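See structure below.
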Number of protein chains: 2
Amino acid sequence: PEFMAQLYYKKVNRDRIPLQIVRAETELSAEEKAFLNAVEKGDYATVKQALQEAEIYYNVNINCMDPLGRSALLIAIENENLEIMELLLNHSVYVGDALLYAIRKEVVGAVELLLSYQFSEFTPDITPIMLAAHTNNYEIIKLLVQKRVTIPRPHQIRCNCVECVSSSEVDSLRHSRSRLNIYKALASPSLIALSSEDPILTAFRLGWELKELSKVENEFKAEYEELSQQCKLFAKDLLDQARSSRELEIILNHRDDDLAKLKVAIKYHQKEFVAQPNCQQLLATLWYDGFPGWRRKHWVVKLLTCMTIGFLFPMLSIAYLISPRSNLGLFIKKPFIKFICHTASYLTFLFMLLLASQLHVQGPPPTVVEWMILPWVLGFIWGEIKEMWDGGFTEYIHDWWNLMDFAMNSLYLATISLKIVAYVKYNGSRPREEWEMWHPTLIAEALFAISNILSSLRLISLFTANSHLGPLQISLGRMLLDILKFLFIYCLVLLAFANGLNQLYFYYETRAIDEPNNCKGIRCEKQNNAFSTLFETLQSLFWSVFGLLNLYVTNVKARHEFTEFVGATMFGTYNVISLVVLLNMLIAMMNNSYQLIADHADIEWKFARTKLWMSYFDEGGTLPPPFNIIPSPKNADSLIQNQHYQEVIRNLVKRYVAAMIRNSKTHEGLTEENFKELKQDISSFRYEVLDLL
Amino acid sequence: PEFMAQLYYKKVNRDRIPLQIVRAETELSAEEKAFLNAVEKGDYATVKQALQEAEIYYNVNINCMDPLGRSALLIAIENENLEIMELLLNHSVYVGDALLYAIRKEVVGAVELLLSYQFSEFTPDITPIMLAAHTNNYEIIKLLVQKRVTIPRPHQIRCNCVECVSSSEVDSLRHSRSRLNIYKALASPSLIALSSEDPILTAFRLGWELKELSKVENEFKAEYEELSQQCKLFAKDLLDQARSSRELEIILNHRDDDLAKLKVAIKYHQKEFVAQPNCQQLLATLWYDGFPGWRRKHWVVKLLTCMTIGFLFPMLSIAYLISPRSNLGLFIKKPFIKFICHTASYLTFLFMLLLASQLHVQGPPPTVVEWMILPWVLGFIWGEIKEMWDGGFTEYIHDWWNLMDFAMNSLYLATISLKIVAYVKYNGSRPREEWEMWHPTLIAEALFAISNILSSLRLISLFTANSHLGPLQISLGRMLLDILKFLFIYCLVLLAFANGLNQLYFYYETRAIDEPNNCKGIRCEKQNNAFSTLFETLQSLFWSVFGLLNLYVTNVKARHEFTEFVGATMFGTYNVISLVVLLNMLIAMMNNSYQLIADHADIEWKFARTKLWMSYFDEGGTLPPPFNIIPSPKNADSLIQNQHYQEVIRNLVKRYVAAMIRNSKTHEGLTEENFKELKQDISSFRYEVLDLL
Ligand SMILES: CCCCCCCCCCCCCCCCCCCC(=O)O[C@H](COC(=O)CCCCCCCCCCCCCC)COP(=O)(O)OCCN
Ligand SMILES: CCCCCCCCCCCCCCCCCCCC(=O)O[C@H](COC(=O)CCCCCCCCCCCCCC)COP(=O)(O)OCCN
Ligand SMILES: CC(C)CCC[C@@H](C)[C@H]1CC[C@H]2[C@@H]3CC=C4C[C@@H](OC(=O)CCC(=O)O)CC[C@]4(C)[C@H]3CC[C@]12C
Ligand SMILES: CC(C)CCC[C@@H](C)[C@H]1CC[C@H]2[C@@H]3CC=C4C[C@@H](OC(=O)CCC(=O)O)CC[C@]4(C)[C@H]3CC[C@]12C
Ligand SMILES: CC(C)[C@@]12C[C@@H](OC(=O)CO)[C@@](C)(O1)[C@@H]1CC[C@@H](C)[C@H]1[C@@H]2OC(=O)/C=C/c1ccccc1
Ligand SMILES: CC(C)[C@@]12C[C@@H](OC(=O)CO)[C@@](C)(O1)[C@@H]1CC[C@@H](C)[C@H]1[C@@H]2OC(=O)/C=C/c1ccccc1
Ligand SMILES: [Ca+2]
Ligand SMILES: [Ca+2]
Ligand SMILES: [Zn+2]
Ligand SMILES: [Zn+2]
C-alpha cells in the first residue's frame, strides 16, 4: 500500500500517524489548574482561599501560566473582574506586561488599578501609551497622558544617521515594526485630539508623511496608506463637527504662522476635508459673490446671464483697466465673473483660430486674423511666466495642464519665429508645389495647426467647473494612467513586430519612380513599401490597428510565395496580439479602473473644482488675455485669532469624541469576549450568593 | 539624526515627543468619580447614600460631568435604569437636554419620567419631537405628540423672504442643518403614520419635494435623496399592508379633492408604489378587460388572438364610429383591444411607407400610396394637437417620444408643403440629372425619407408593453444619458482635431474639375479634399471612426513630405484618442451604468408599462388613425369615500407599525449598548442582593 511517507515527521517513518507533543511545555498541576479554573469562573471565594493556602504552605504557584500563555492576572483582566484583580494585586502576583493586556482589552478600571499598583503577545517596542493610541480609546489614552509619557520621535524618510542605519542593518524587521508602531500611535485620532496644538494641521501633516512613507516603504504599504486615510478621515470628521458658519470661517481662515487652512488642505491633497459639504457651501458662497441666489435659478436664466457676461467681457476688462473702483470696475473681481470673462476670452481666441483656418507667397505678412491672434498669444505667454513668478517653479510643473500650456505657447513662439524668418528671408511669390520640404512657411503652418489642436483641447480643463462634465474629466484623467501602462507594452510589441517585418521586407524596397503614381509609402492610393524601412514599418503597424493598411502590402513584386506568406503571417500575428489581446486587455483594465474610481469620483471632482475656484479667488491674474499685457496706469491680532481657533478646536474635539463613542456603542455585532465576560459576571454572582447562603 | 521637527507641537521643538493635555479640562475628584462609577455599576445603595451625603454636607457635586460629557443622569439614562433615574430626579439633578438623550437611546420609560418631571451632543435647533421623529420610534413620537408639540414649517425652495435670506447670510451652515433636520423629522414614516390626514399623499409630496431639494441643494444631496427614498419606501410599504382587493380599490380610487391616487403616484414618479404587485395585479385586471384568462393562455393562442384583432382593427374602428353601443362598438373601448388596434394601425402605416419606398416629373401628383398615407399623417397631427389640448402643454413636452412625434409630424407637414409647392410651380417633365440641388421635389423626398426613419423608429416605444423588450428599452434609455455625456467631449475633441487638420490642409484645396471623376470630397471612389474645408474635415473625422476614410487623404498633390507626415500624425492621434480612449471610456461608462440600472430595471419597466397602460384607459383617443379625424355623428358621496379611505388608512397604519416593529425586533446583530445595559441589570441585581444579604 502506497503511503504518504513523511507528513508530520521525518525519522519516524506504518499505516498510522502517531501524534505527540513535539514542542512539549510544562503542564499545569492539579491544584494550579483548579486555581486557574476558579479564576476563570470568577468565584472570589476559593480564589482567595487558594491564595492564602499558597501563601501559607507554598503548595500552589500563584504565577502559574495557562499553557496558552494566560496567567491568573491575565484571566482576571480578560474577565473584566476588578475584585479578583485587586485580590491578586494585593497578593503580589507577577504584573509584567499586564498593563498592555488591560489596555488592549480596554478595561479602564484595570488600567487605573495597574497604574496605581517570558512570553508576551506584544512586541518588545510596544509601550503602554503606544498601545493605548493603537486601541484609540480616549479614556485610556487620556489616563496615560496625565502621567508624563513620551512617544519616540520618528526619523525622516531620507534620514541616513548612524542610529537609523545601524538599526536597519542589525534588525530591519524590528526597525520597520517600531517605525510602523510609532506612526500608528501618532496617527491615532484620539491621541491627535489630545496632545496636539493644531489637530487639523497635525492630521494634514501626518497623512502626507504617511502617504510618502507608503510610497517609499514598498513593503508594509497598506498599513501606511490606511494610516494616512485614518488621518484624512479624522480631519474630515473634525470639520464635520462644525455647528455654525462662524466656527467654519474660524477654522478655514486660520493661519498657523483668507482660507489659509483650506489652502493648506489643498496643498496636502486632503480631498475628503476639502469636499466637506459645509466647506463646499462656503466656497460656493464666495464663488457666486455677485449672485446671492444663483443656486435657485432656472437653467435658461443661468445660460442667458452667462452669455451676457461673456459678451460683456471686453467692457468689463477695460473698466477694470481704467477705473478698478466703480460699479463695473470691481465687477470682474468676482470669482465667477472672472471665470466667465476668461472663458469668453478663450472662446474668442478659439473662434479666431477657426477664422484663421478659413497661397503662393513665400513668407507672407500675417493677415488681420493672425494680427488679432498675436495679442492673445502674448497674453498667454505673459500669464504663463507670471504664474512661474508668483506661484513658483515647483507648483507650476506639478500641473499637467501647465505642461500642455507650455507646449502650446512654445509652439506658438516657434510659429511666430518661423513666420518672421520666412518674411525676412523670402520675398518672391513662388508656387507652393516647388517649395522645399523644410520650407519655413510649411513648418510654421504645421506648428500653428498643432498649436490650434492643443488650444482647442485645452477646453477640457473647463469641464471641472461643471457638475456633469467634472467627474467625467476626472474619470478620463484616472484612466489615462492605464492608457500609458498599456501603451508601454503596446510599443514594445510594435517594436518587436516592426523589427521582424522590416528584417523580412527590406530586401524588396523599391524606388518611388517604379511606383504607379511616383508615390512611395502607405499614404498612397496604392499602398506600397509598407515594411521597406523601420519608420514606415512602424507607421504601417500603427495604421493596421485601425484597418487602414491593406492586405496586399504583404506581397512583394517577385514571386516569393514563402516570403510573402511569412510576412502575412507576421502581420496576422501582430493584428491578433495587438488588436484582440492588447486592446481588449486595455478595455478590461479601464473597466476595472472605472469601478475603482466611481466610488471616489465625487470627492475627486469636488477637490479639482475647489482648486479651479481658488485659482480665481486671488487678486492677481484677474484680467484675461489680451488685457493682461496692457500696462495699467498704476502680534496681538494674531493671538486673538489663535485663541478663537483654540476654542473652536476644543469644541470640535469634544463633539468628535462624543460622536466617535456613540458610533462605537451603536455598532451592530457582539464579539464572544462580551459573552464570556457576561458569563463571568453571572458566575461570580452565583458563587457569591452560594457563599452568602 | 534627522527628525520630524514638528508633528504635534510648534514651539516645543529632542528625540522624543512629550505628551500633555493641551486642551486641559476640569478633572473629576475622587468622590465624584466614585459616585459616577456607582451610577455606572447601577448599585442603588451607595448612589442614594452619596446623594444624601452631598445634600447634607455639600461634599459632592451631584451634577458632576464625566470628562466625556456624561453626567449621572446621562449615565442612568444610558444604562436604562429607571430606579436610579427616579432617585436622581427626586434629588433635583440638572435635567437640561436629558430628554434628547433619552429619546435618542429610545427609552420609553425614561421619556415618560422626564416628561412628568454646557456641552451637548445635539445641535441647538433639535427639539424633542424632531429628534423623536429622527429616531422613528412610534412610541416616543406618539407620547410627544399627545402633548401639544409643533414642527416649524419649512420654507419653499425658491423662497426669498427676509427671514430666509437673513438666516442664510448670518449662518448658512445652521440654516442648512435646521432645514435638513426639519425635513428629516417630517419624512419620518412613524410621524407620517400619525399626524397626517393622508399618509400616502403626504409621502408622495414629501418625496417629490425632497428630490427637488436634492436637485437644488447641490451639497447635502445624499441626505435629501435618502429622505425621498424613505418616503417612497413608506408609501410602498403602506400599499404592501393591503390585505384585500376592496382596500386596494379604496386606496387607488381615492380623490383628495378612477385610479385617482395611482395617477397622483405616477405624477410624483412613485415608481416603487406603482410597481407594487397588488397594484400591478389590479392594473392587469383592468388591462385585460375582454379576456378574463389571458394570463393562463398558450403563446400560440395569444399570438393568434393578437393577429386576429389587428386584422379586425378597421371593422372595430368603424363599429365604434357608427354604433358605440353594440357587441363590437365598445369592444375597442377595452384598453388591450385599443392597444392592439393602435399597434395594427401604426404597422399598416409603416407597411404603406415601405410600399411607397417601392421619375423625371418636376412636382408629380401624389401616388395612390401617398394618397393612402395622407389620412394617417393627418390623424397623427390631429392626435398630437388633441394631446396638447387635453393633457396640456407641460405634460406633453415632458415626454421625449412626444418630441420625436413632433419632429416626425413637422417633417411630414414640410414634405406635404414642398410637394404642393413643386406641383404648383412645376409642370414639365425635366430629367432628374439636370434638376437644381435645392429642387423642391428632392427636398420633399429627403424629408419624407427622414420621416419614414423616424416613424419606423417610433416602434421602440411599444417595447414597453413586452416583458422582455421593456427592461431592454429602459436600459437603452438610461445609457443614452451616458451617450450624450460622452458625445459632448467627443464633439470637443472632434472640433479640436478638425480645426488643426483644416488649418494644415486648407492650402491644398483643389477644384472638382482637377479630380479624376469631377468628384470632390470623401464620398467619391477616390477620396480627396478630406481636410480642405472645415465641414468636410468634420465629416472625414467622423467617418474615420468607422474606418471609411482612407489613409491616402493625408497626402497632398505637392511633394510636401513634412506637411503630409504632420497631417497623418494628427490623423493618427485623433484615431488613437477618439477610437481607443473615448470609445472604450464610453464602453466602461455604459458597463457601470448597466450594473447600476439592473437592480432597479424591473421597477422602472413596470412604471413605464403602467404609464403606457393608463394611456389607453381614458375614453378619449380610442380611435387610431386615420379614424380619429372622421367626425362622429354625435358632497355626501365624497364624504363617505373619505371615511372609507380613512378606515382603510387606519388599518394600513396599524399593520405597518406592527410590521416595522417586528422587522426591527428580528434584525440580526446586537450592539454593545445592549451588552452594557445587560451588565447594568446584572450588577444592580448583584448589589441589591448584597444589600439585602
Ligand atoms: C511631429 C508632428 C506631431 C503632430 C501631432 C499633432 C496632434 C497632437 C495632439 C496632442 C493631443 C494630446 C492628448 C491630449 C489629451 C488630453 C486629455 C486630458 C484628460 C484630463 O482630464 O487629464 C487632466 C490633465 O490633463 C493633462 O494631463 C494635460 C494633457 C496634455 C498633456 C500632454 C501634452 C502633449 C503636447 C504634445 C505637443 C506635440 C508637439 C509636436 C511638435 C487631469 O488633470 P489632473 O491634474 O487631475 O491629472 C490626473 C492624471 N491621472
Ligand atoms: C440634414 C439631414 C439629416 C438626416 C438625418 C437622418 C437620420 C435621422 C435619424 C434620427 C434617429 C434619432 C435616434 C433615435 C433613437 C431612439 C432610441 C430610443 C431609446 C429609448 O427607449 O428612449 C426612450 C425615450 O425616447 C426618446 O428620447 C425619443 C427618441 C428621439 C428623440 C430625438 C428625436 C430627433 C429627431 C431628429 C429629426 C431630424 C430632422 C432633420 C431634418 C426612453 O423614454 P424615457 O421617457 O423613459 O426617457 C429616458 C431617458 N433616459
Ligand atoms: C461641443 C462643441 C459644440 C464645441 C463647443 C465648445 C464650447 C462652446 C463648450 C465646450 C465645453 C463647454 C464648457 C464646459 C464647462 C463649463 C463649466 C460650466 O460651469 C458651470 O456649471 C457654472 C456654475 C459654476 O461652476 O460656478 C460653465 C460652462 C462651461 C464653461 C462650458 C461652456 C461651453 C463650452 C466651453
Ligand atoms: C423586427 C422586424 C422583423 C420588424 C418587425 C416590426 C414589428 C412587426 C414588431 C417590432 C416590435 C414588435 C412589438 C414589440 C412590443 C410589443 C408589445 C407586446 O405587448 C405584450 O406582450 C402583450 C401583453 C400586454 O402587454 O398586455 C405586444 C407585441 C408588440 C406590439 C410587438 C408587435 C410586433 C412588433 C411591432
Ligand atoms: C499618435 C502618435 C503618437 C503616433 C501615430 C503615428 O503616426 C503615423 O503613423 C503617421 O504616419 C506615429 C508617427 O506617431 C507613430 C508610428 C508608430 C507609433 C508609435 C505611432 C504613434 O502612435 C502611438 O504612439 C500609439 C497608438 C495606440 C494606442 C493604443 C491602442 C492602439 C494604438
Ligand atoms: C496568427 C496565426 C496563428 C494565423 C494567422 C494566419 O495568417 C494568414 O492568414 C496569412 O495569410 C494563419 C496562416 O496563421 C492562419 C490561417 C487561419 C487561422 C488559424 C490563422 C492563424 O490565426 C489564429 O490562429 C487566430 C486568430 C484570432 C484570435 C482571436 C480573435 C480573432 C482571431
Ligand atoms: Ca497655465
Ligand atoms: Ca405623442
Ligand atoms: Zn536617523
Ligand atoms: Zn423664507
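Search region B:671-693 for residues being in a helix (DSSP H, G or I) and of a type in the set (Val, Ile, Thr), and hand back the single one that is nearest to B:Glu78 (Cα to Cα).
Kept after step one, since they are in a helix (DSSP H, G or I), are these residues of region B:671-693: B:672-692.
Going one step further and asking which of them are of a type in the set (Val, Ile, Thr), we end up with B:682, B:689.
Working: B:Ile682: 15, B:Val689: 23 Å.
Filtering region B:671-693 for residues that are in a helix (DSSP H, G or I) and of a type in the set (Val, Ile, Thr), the one nearest to B:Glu78 (Cα to Cα) comes out as B:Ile682.
For region A:379-402, check the following and say yes or no: at least one residue is within 16 Å of ligand 3 (Cβ to nearest atom) and either in contact with a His (Cβ under 6 Å, 6 or more places away or on another chain) or not in a loop (DSSP other than H, G, I, E, B) (or both). Walk me through it before giving the result.
Just the residues of region A:379-402 that are within 16 Å of ligand 3 (Cβ to nearest atom), to begin with: A:401.
Those still in the list that are either in contact with a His (Cβ under 6 Å, 6 or more places away or on another chain) or not in a loop (DSSP other than H, G, I, E, B) (or both) too: A:401.
Checked region A:379-402: at least one residue is within 16 Å of ligand 3 (Cβ to nearest atom) and either in contact with a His (Cβ under 6 Å, 6 or more places away or on another chain) or not in a loop (DSSP other than H, G, I, E, B) (or both).
Looking at A:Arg478, is it closer than 19 Å to B:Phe571 by Cα and in contact with a helix residue (DSSP H, G or I) (Cβ under 7 Å, 6 or more places away or on another chain)?
Details: closer than 19 Å to B:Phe571 by Cα: no; in contact with a helix residue (DSSP H, G or I) (Cβ under 7 Å, 6 or more places away or on another chain): yes.
It is false that A:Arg478 is closer than 19 Å to B:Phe571 by Cα and in contact with a helix residue (DSSP H, G or I) (Cβ under 7 Å, 6 or more places away or on another chain).
Within region B:24-58, take every residue that is part of a loop (DSSP other than H, G, I, E, B) and buried (at least 18 other Cβ atoms within 10 Å of the Cβ) and give me the one that is farthest from ligand 4 (Cβ to nearest atom).
Out of the qualifying residues, it is B:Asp43.
When you go through (1) hydrophobic (A, V, I, L, M, F, W, C); (2) closer than 30 Å to A:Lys263 by Cβ; (3) crowded, with 20+ Cβ neighbours inside 10 Å; (4) within 14 Å of another protein chain (Cβ to nearest Cβ) one by one for A:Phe380, which number turns out not to apply?
Here A:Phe380 meets the rest and fails (4).
Could you please give the count of residues in region B:599-642 that are surrounded by 12 or more Cβ atoms within 10 Å (Cβ to Cβ) and part of a helix (DSSP H, G or I)?
Counting residues in region B:599-642 that are surrounded by 12 or more Cβ atoms within 10 Å (Cβ to Cβ) and part of a helix (DSSP H, G or I) gives 21.
Determine if region B:505-512 includes at least one residue that is within 16 Å of ligand 3 (Cβ to nearest atom), touching a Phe, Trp or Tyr at 6+ places or on another chain (Cβ under 8 Å), hydrophobic (A, V, I, L, M, F, W, C) and within 9 Å of chain A (Cβ to nearest Cβ). Full working, then the answer.
As a first pass, look at region B:505-512 and keep what is within 16 Å of ligand 3 (Cβ to nearest atom): none.
Looking through region B:505-512, none of the residues is within 16 Å of ligand 3 (Cβ to nearest atom), touching a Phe, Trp or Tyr at 6+ places or on another chain (Cβ under 8 Å), hydrophobic (A, V, I, L, M, F, W, C) and within 9 Å of chain A (Cβ to nearest Cβ).
Any idea which residue in region B:112-122 is farthest from B:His175 (Cα to Cα), counting only those that are touching a helix residue (DSSP H, G or I) at 6+ places or on another chain (Cβ under 6 Å) and within 14 Å of another protein chain (Cβ to nearest Cβ)?
So, considering only residues that are touching a helix residue (DSSP H, G or I) at 6+ places or on another chain (Cβ under 6 Å) and within 14 Å of another protein chain (Cβ to nearest Cβ), the one farthest from B:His175 (Cα to Cα) is B:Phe119.
Sort out which residues of region A:214-253 are within 12 Å of A:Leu180 (Cα to Cα) and of a type in the set (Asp, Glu), and write them in order of number.
The answer is A:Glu217, A:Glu219, A:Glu223, A:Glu225, A:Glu226.
Restricting to region A:534-556, count the residues that are out of contact with any helix residue (DSSP H, G or I) (no Cβ under 7 Å at 6 or more places or on another chain) and away from ligand 6 (no atom under 16 Å from the Cβ).
Residues flagged as out of contact with any helix residue (DSSP H, G or I) (no Cβ under 7 Å at 6 or more places or on another chain) and away from ligand 6 (no atom under 16 Å from the Cβ) within region A:534-556 amount to 3.
Being facing chain A (nearest Cβ under 8 Å) and surrounded by 17 or more Cβ atoms within 10 Å (Cβ to Cβ) is the requirement here; does B:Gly572 meet it? Walk me through how you get there before you give the answer.
Details: facing chain A (nearest Cβ under 8 Å): yes; surrounded by 17 or more Cβ atoms within 10 Å (Cβ to Cβ): yes.
So B:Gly572 fits the description; yes.
Just give me the residues in region A:8-39 being more than 19 Å from A:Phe119 (Cβ to Cβ) and in contact with a helix residue (DSSP H, G or I) (Cβ under 9 Å, 6 or more places away or on another chain), in sequence order.
Residues satisfying the conditions are A:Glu31, A:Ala34, A:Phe35, A:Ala38.
Looking at region A:682-693, which of the residues that are among the hydrophobic types (A, V, I, L, M, F, W, C) and facing chain B (nearest Cβ under 9 Å) is farthest from the chain's Cα centre (by Cα)? Don't jump to the end; show me each part of the working.
Step one: filter region A:682-693 for residues among the hydrophobic types (A, V, I, L, M, F, W, C), giving A:682, A:685, A:689-690, A:692-693.
Cutting the leftovers down to facing chain B (nearest Cβ under 9 Å) gives us A:682, A:685, A:689, A:692-693.
Numbers: A:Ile682: 50, A:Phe685: 54, A:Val689: 60, A:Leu692: 64, A:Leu693: 66 Å.
Ranking the qualifying residues of region A:682-693, first place goes to A:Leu693.
Conditions tested, residue by residue: (1) within 14 Å of chain A (Cβ to nearest Cβ); (2) over 30 Å from B:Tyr288 (Cα atoms).
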| position | (1), (2) |
| --- | --- |
| B:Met614 | no, no |
| B:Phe617 | no, no |
| B:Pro631 | no, no |
| B:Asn642 | no, no |
| B:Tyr645 | no, no |
| B:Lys654 | no, yes |
| B:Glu668 | yes, yes |
| B:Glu673 | yes, yes |
| B:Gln680 | yes, yes |
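Being crowded, with 19+ Cβ neighbours inside 10 Å and away from ligand 5 (no atom under 16 Å from the Cβ) narrows it down to one residue among A:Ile385, A:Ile332; which is it? So that I can check it myself, show each step before the final result.
Numbers: A:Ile385 fails: crowded, with 19+ Cβ neighbours inside 10 Å.
Unique residue meeting the criteria: A:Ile332.
List the pairs whose first member sits in region B:444-469 and is charged (D, E, K, R), whose second member is surrounded by fewer than 17 Cβ atoms within 10 Å (Cβ to Cβ), and whose Cβ atoms are under 9 Å apart, counting only residues at least 6 apart or on separate chains?
Cβ pairs passing all conditions: B:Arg458/B:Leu350; B:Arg458/B:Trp401; B:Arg458/B:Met404.
Could you list, in sequence order, all residues of region B:232-249 that are within 14 Å of B:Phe273 (Cα to Cα) and of a type in the set (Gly, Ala, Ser)?
B:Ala235, B:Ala242
Would you pick out the residues in region A:575-596 that are among the β-branched types (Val, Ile, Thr) and more than 10 Å from every other protein chain (Cβ to nearest Cβ)? Outline the logic, then answer.
Here is the first cut: in region A:575-596, the ones among the β-branched types (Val, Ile, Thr) are A:576-577, A:580-581, A:587.
Residues satisfying the conditions are A:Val576, A:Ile577, A:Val580, A:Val581.
Just the residues that are within 7 Å of ligand 2 (Cβ to nearest atom) and of a type in the set (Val, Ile, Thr), please, taken from region B:446-466.
B:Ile450, B:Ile453, B:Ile460
Which residues, taken from region A:61-80, are under 14 Å from A:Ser92 (Cβ atoms) and assigned to a loop (DSSP other than H, G, I, E, B)?
At the first step, the residues of region A:61-80 found to be under 14 Å from A:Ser92 (Cβ atoms) are A:61-63, A:71-73.
Those that are under 14 Å from A:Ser92 (Cβ atoms) and assigned to a loop (DSSP other than H, G, I, E, B): A:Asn61, A:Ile62, A:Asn63.
Looking at region A:457-465, is at least one residue at the interface with chain B (Cβ under 10 Å from one of its Cβ atoms), outside any loop (DSSP other than H, G, I, E, B) and under 30 Å from B:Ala558 (Cβ atoms)?
Yes: region A:457-465 contains one or more residues that are at the interface with chain B (Cβ under 10 Å from one of its Cβ atoms), outside any loop (DSSP other than H, G, I, E, B) and under 30 Å from B:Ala558 (Cβ atoms).
Residues B:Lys267, B:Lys271, B:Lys261, B:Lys236: which one is more than 22 Å from B:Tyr656 (Cα to Cα) and of a type outside the set (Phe, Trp, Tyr)?
Details: B:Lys271 fails: more than 22 Å from B:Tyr656 (Cα to Cα); B:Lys261 fails: more than 22 Å from B:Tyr656 (Cα to Cα); B:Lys236 fails: more than 22 Å from B:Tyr656 (Cα to Cα).
Every option except B:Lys267 fails the conditions.
Could you tell me which of the residues A:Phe273, A:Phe336 is in contact with a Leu (Cβ under 7 Å, 6 or more places away or on another chain), more than 14 Å from chain B (Cβ to nearest Cβ) and under 27 Å from B:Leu173 (Cβ atoms)?
On the way: A:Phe336 fails: in contact with a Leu (Cβ under 7 Å, 6 or more places away or on another chain).
One residue alone meets the criteria, A:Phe273.
Hey, does region B:531-538 have a residue that's within 30 Å of A:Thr464 (Cα to Cα) and under 37 Å from the mean Cα position of the chain (by Cα)? Steps first, please.
Taking region B:531-538 as the starting set, the residues that turn out to be within 30 Å of A:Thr464 (Cα to Cα) are B:534-535, B:537-538.
Filter once more, keeping what is under 37 Å from the mean Cα position of the chain (by Cα): B:538.
Checking region B:531-538: at least one residue is within 30 Å of A:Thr464 (Cα to Cα) and under 37 Å from the mean Cα position of the chain (by Cα).
Quick one: A:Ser578 ticks every box in (1) surrounded by fewer than 17 Cβ atoms within 10 Å (Cβ to Cβ); (2) within 20 Å of A:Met479 (Cβ to Cβ); (3) within 16 Å of ligand 6 (Cβ to nearest atom); (4) not aliphatic (A, V, I, L, M) except a single one, so which number is it?
The one condition A:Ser578 does not meet is (1).
Quick one: what pairs do we get from region A:216-237, first residue closer than 13 Å to A:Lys184 by Cα, second charged (D, E, K, R) and in a loop (DSSP other than H, G, I, E, B), C-beta under 7 Å, 6+ apart or different chains?
A:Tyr224/A:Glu217
Condition check ((1) within 16 Å of ligand 9 (Cβ to nearest atom); (2) over 34 Å from the mean Cα position of the chain (by Cα); (3) among the basic types (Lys, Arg); (4) on the phi > 0 side of the Ramachandran plot) across all residues:
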{"position": "B:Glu436", "(1), (2), (3), (4)": "no, yes, no, no"}
{"position": "B:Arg458", "(1), (2), (3), (4)": "no, no, yes, no"}
{"position": "B:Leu462", "(1), (2), (3), (4)": "no, no, no, no"}
{"position": "B:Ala465", "(1), (2), (3), (4)": "no, no, no, no"}
{"position": "B:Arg478", "(1), (2), (3), (4)": "no, no, yes, no"}
{"position": "B:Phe486", "(1), (2), (3), (4)": "no, no, no, no"}
{"position": "B:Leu492", "(1), (2), (3), (4)": "no, no, no, no"}
{"position": "B:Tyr505", "(1), (2), (3), (4)": "no, yes, no, no"}
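All Cβ positions, even for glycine, are placed from backbone atoms using ideal geometry, and neighbour counts span all protein chains on display. Here, each number is a calculation from the coordinates, and none is a lab measurement.
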